[PDB]
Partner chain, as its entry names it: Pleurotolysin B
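In structure tokens, one chain follows: the form deposited without its partner chain.
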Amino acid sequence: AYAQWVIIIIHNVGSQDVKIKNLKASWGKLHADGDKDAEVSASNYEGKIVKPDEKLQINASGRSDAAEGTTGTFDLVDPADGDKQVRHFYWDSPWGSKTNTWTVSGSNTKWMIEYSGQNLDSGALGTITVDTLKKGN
């Protein structure tokens, strides 16, 4: 029963560009770094490239005065391979004592993806770092 939020940090730790697509919060809203009430457009991120050694930070929060959590999805795609999907991502940080969800799905064996930081218990889902590396087949 507290304010729900997530921060997703995509860190490209490989040598090949990765691209974000289809970023959509189904509950709550995307917001600016360090201000959970300052809504931003998904077009700030849609189609953006994360270059080698760069980070891209996405922040989402619920409507904390309406007992609302935040839920959303995005894809990473490979801009050198026709925007082939790398992985699909899903977050859910429901309001209350409810368990959170952070799911990475899909397959693309040219890429390795590692994540950590998620809080799956009660409370906000929190800060999740996603490391991306194109390893080839």
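Residue numbers count along the first chain shown, from 1.
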Check your understanding: So 88 to 96 or 63 to 71, which one's hotter by mean CA B-factor in the entry?
Key -> 63 to 71
Exercise for review: Can you let me know which of the two, 97 to 105 or 52 to 60, has the higher average C-alpha B-factor in the entry?
Suggested key: 97 to 105
Review point. Considering only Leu133, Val6, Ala1, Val130, which residue's Cα atom bears the greatest B-factor as recorded?
Key: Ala1
Point to revise | Third of chain Cα B-factors occupied by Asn22 | key: lowest
Practice item. For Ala38, return the chain-relative third of its C-alpha B-factor as stated in the PDB record: lowest, middle or highest. Key: highest
Practice item. Could you tell me which third, lowest, middle or highest, the C-alpha B-factor of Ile10 occupies within its chain? Key: lowest
Revision key, fill the gap. Split the chain's modelled residues into thirds by Cα B-factor; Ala32 lands in the middle
**Study point:** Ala80, C-alpha B-factor rank within chain (lowest, middle or highest third)
**Key:** highest
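One more form of this protein exists, namely the form solved in complex with its partner chain; it is left out here, but the text below deals with it.
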Review point. Does its partner chain come within 4.5 Å of any heavy atom of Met112 in the bound PDB entry?
Key: yes
Check your understanding: Should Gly47 be classed as touching its partner chain in the bound PDB entry when contacts are defined as heavy atoms within 4.5 Å?
Key -> no
Point to revise | Stretch 14 to 34: residues contacting its partner chain in the bound PDB entry, 4.5 Å heavy atom cut-off | key: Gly14, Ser15
